[PDB]
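First up is the structure itself, then whatever we jot down about it.
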Number of protein chains: 2
Amino acid sequence: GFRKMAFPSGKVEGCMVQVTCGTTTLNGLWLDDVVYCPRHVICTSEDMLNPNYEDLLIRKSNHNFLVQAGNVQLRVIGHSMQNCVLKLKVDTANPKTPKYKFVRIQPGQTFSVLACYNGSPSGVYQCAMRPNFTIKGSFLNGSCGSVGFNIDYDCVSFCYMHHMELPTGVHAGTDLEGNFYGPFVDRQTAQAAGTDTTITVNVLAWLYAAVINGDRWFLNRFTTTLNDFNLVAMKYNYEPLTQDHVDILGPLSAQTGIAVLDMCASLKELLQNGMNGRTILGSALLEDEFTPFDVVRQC
Amino acid sequence: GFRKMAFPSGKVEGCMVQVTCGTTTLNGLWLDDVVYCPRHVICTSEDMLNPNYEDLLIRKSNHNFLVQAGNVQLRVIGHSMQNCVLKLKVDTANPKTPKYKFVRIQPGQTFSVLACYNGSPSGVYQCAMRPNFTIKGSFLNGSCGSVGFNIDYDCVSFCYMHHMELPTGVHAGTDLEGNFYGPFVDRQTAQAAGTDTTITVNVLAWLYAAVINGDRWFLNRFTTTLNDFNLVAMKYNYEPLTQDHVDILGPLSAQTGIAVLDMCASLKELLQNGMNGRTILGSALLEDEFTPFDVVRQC
Ligand SMILES: [Zn+2]
Ligand SMILES: [Zn+2]
Ligand SMILES: [Zn+2]
Ligand SMILES: [Zn+2]
């Protein structure tokens, strides 16, 4: 069978802490002797309208930051602002610190989010960095500081920290060095996401998953070319397909005996004719939040 | 926002072990001094055509069972068959054993699956016990023994262990005492799932989630009665709605200001008119794998 699957979240659960500074409380990421959290923990609600973060951070010293792991306080002994994240140096290294790296991921790639509330993990789900650098997530109040990650079996690649819901109801945040994905700033003002487009190479990987799992009704007797496939992609706001994308689809092509362009042709007719009320892998729409790697691990 | 969300899987990752007995290797659940796994670990491929499990298990002693946690062997010192599960008593209690209970869940309830391969957690996803007591999962070879669970913040309720893919491609397994959900037996023969029906109370909870999250186009100016709502339910293979279901939807009703029957009326027109190509919460079909409790925790 085939489902949207997150990585196991244990190695990250042991890294989540609660951070308070004033009445504002959000989640933090404790790795070695550093806790990472979004800087707007130092902001009141009024502050968020137009924050001068350097100035706000000057009125704050170490003892203003309340870092808690379960029922234990960690003594802050140094604070820094790296872009939009606060680095709270503390006295004790996290004993549960896995091997980890910080990676900025690319639009179209997927990661797992450990959704947290006041330092407590509440749930885990898989999601994708939309092309317009937003994510469609699930972030209640106090979920700020929740991190996105991938696990390549030994170490945790941290790639996301949640900072904001935007007026569209969609989600924005940073890498773990504090740089926003996309044009967003951690301020409570109007901010456009811009047009979001379907992750074409992912959609194709899904169809390949479908074929592997027995759903192959959408298979056609036509074929197509890449440029003419892309002429329909632009029409239906799909990312243009490249030869790289064709190569990544290679192993799925080599398993299904279905050439990439032949799949591009069936995708073409689904886009120009719709899906007629039928489903692929139990979805009535074209699914773009599985990378070719995601599909491969499930097959 | 709103996504299908699994529980944090750390407390379960530390319980997964690998079990071998012959060339057959699957996953096990190590809690206190007991490892639990599906009994057909004692079966060859030939055995599975018509296994006499008591007889097969007699030819097996303790030293035939290879129980491994990462790179450590656990000495088996007693073996039992409880229904369709093997209870491998071992010498060392699992140090990471959380507080846990074994619960048999009810059709329509949801749980998280920690999908594993040879004792290693590979991913986690949320799913529902379909009314016909199957689950639509993601189970590669060697995923047998993977467990389903809920976490009620302190203890892990284990409710599922995967035993079988059926000829439909759908999934069947047992509670942790070894009793199949549904009419299925751990034998490689033809086995019908029977007609699967939509989990009506869940679908309604989803619409309530949708309303809360801003999608409310499906709201109508009609209303309806419960029996006439159910007269359309039977037509579209939906579980009949009861007063209990209405009560569970209560808090969502009290939050949305939308009476349950008014929602049942909008559901009625979606079932008899379809969804016209639009989406609710980004789905082009009616979603039934969120309980009212699932929706409530996300709101
Ligand atoms: Zn925030
Ligand atoms: Zn690594
Ligand atoms: Zn098996
Ligand atoms: Zn409990």
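Quick note on labels: first sequence line is chain A, next is B, and so on, each numbered from 1.
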**OP:** With a 4.5 angstrom heavy-atom cut-off, could you sort out which part of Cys127(B) is near chain A: side chain, backbone, both or neither?
**Re:** both

**OP:** State whether the side chain of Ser9(B) and the backbone N or O of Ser9(A) hold a donor-acceptor pair below 3.5 Å, judged by distance alone.
**Re:** yes

**OP:** Start with the C-alpha distance between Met5(A) and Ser138(B), add both sets of side-chain angles, then the distance that settles side-chain contact (heavy atoms from CB on, under 4.5 Å), and finish with yes or no.
**Re:** CA-CA 9 Å; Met5(A) 206 166 303; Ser138(B) 203; 3.4 Å; yes

Original post:
Between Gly14(A), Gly274(A), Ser120(A), which shows the greatest number of heavy-atom pairs under 4.5 Å with chain B?
Top reply: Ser120(A)

Original post:
With only heavy atoms counted, which part of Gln298(B) is less than 4.5 Å from chain A, the side chain, the backbone, both or neither?
Top reply: both

Original post:
CZ of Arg297(B): more than 12 outside heavy atoms within 6.0 angstrom?
Top reply: yes

Original post:
Below 4.5 Å, heavy atoms only, C-beta onward: do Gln126(A) and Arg3(B) meet side chain to side chain?
Top reply: no

Original post:
What option among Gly277(A), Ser283(A), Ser122(A) has the most heavy-atom pairs under 4.5 Å with chain B?
Top reply: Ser122(A)

Original post:
Which residues in residues 153-168 of chain A have a heavy atom less than 4.5 Å from any heavy atom of chain B?
Top reply: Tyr153(A)

Subject >> Max heavy-atom pair count under 4.5 Å with chain B, selected residue of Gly214(A), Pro8(A), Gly10(A), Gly137(A) >> reply: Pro8(A)

Original post:
For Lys11(A) and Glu13(B), which heavy atoms make the closest approach, and how far apart are they?
Top reply: N-OE1, 4.3 Å

Original post:
Would the number of heavy atoms belonging to other residues, nucleotides or ligands and lying under 6.0 Å from NZ of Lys268(B) be above 12?
Top reply: yes

Original post:
Given the options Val124(A), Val12(A), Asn213(A), which has more heavy-atom pairs under 4.5 Å with chain B than any of the others?
Top reply: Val124(A)

Original post:
Considering heavy atoms only, which positions within residues 284-292 of chain A lie below 4.5 Å of chain B?
Top reply: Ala284(A), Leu285(A), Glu289(A)

Original post:
Near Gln255(A) CD, under 6.0 Å, is it more than 12 heavy atoms from other residues, nucleotides or ligands?
Top reply: no

Subject >> Contact origin within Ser112(B) toward chain A - heavy atom pairs under 4.5 Å >> reply: neither

Could you pull out every donor-acceptor pair under 3.5 Å between side chains of residues 139-146 of chain B and any protein atom, sequence neighbours left out?
| residue | atom | partner | partner atom | Å |
| --- | --- | --- | --- | --- |
| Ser143(B) | OG | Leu140(B) | O | 3.0 |
| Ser146(B) | OG | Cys116(B) | N | 3.1 |
| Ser146(B) | OG | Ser143(B) | O | 2.4 |

Original post:
Of all residues at least two apart in sequence or in a different chain, which pass the salt bridge (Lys or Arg N to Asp or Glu O under 4.0 Å) check with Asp186(B)?
Top reply: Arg39(B)

